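Notes to accompany the following structure.
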Amino acid sequence: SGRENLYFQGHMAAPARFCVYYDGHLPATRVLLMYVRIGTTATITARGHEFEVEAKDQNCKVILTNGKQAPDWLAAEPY
């Protein structure tokens, strides 16, 4: 916009505040695992595996603490 001196302010704090993890990607068959607070890490335990995940994004893009991406069967929906 050229020199339009808008005072920048990202006034939002995400519409999602939790993430709902499920076992399965299919919207009917996906089994509720647990809710995770966006802004924190959580250990999901499924299939005998522990997944330390970080709910970092409002899209509930699940990235694990070592930089791993989540299994395809591990679903997360923005809550």
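Quick note: the coordinates plus some simple rules give every number you see, no bench work behind them. Note that we place each Cβ from the backbone using ideal geometry, even for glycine, and neighbour counts take in every protein chain shown.
Under the simplified labelling scheme, the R3-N59 pair shows an inter-label distance of 3.7 nm, with each label point 7 Å from Cα along Cα→Cβ. Extension gain for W73 to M34 (0.36 nm times residue separation, less C-alpha to C-alpha distance): 12.6 nm. Taken over the chain, the convex hull of the Cα atoms encloses 131 Å³ per residue.
If you add up the charges near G39, with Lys and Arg at +1 and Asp and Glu at -1, over every other residue whose beta carbon is less than 13 angstrom from its beta carbon, what do you get?
Working: positive: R17, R37, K56; negative: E54, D57.
Once positives and negatives cancel, what remains is +1.
Taking the Cα centre of the chain as origin, work out the dipole magnitude from +1 charges on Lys and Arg Cβ and -1 charges on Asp and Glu Cβ, in debye rounded to 20. Mind showing how you got there, number by number?
Details: 8 positive and 8 negative charges, 24 e Å.
Rounded to the nearest 20 debye, it is 120 debye.
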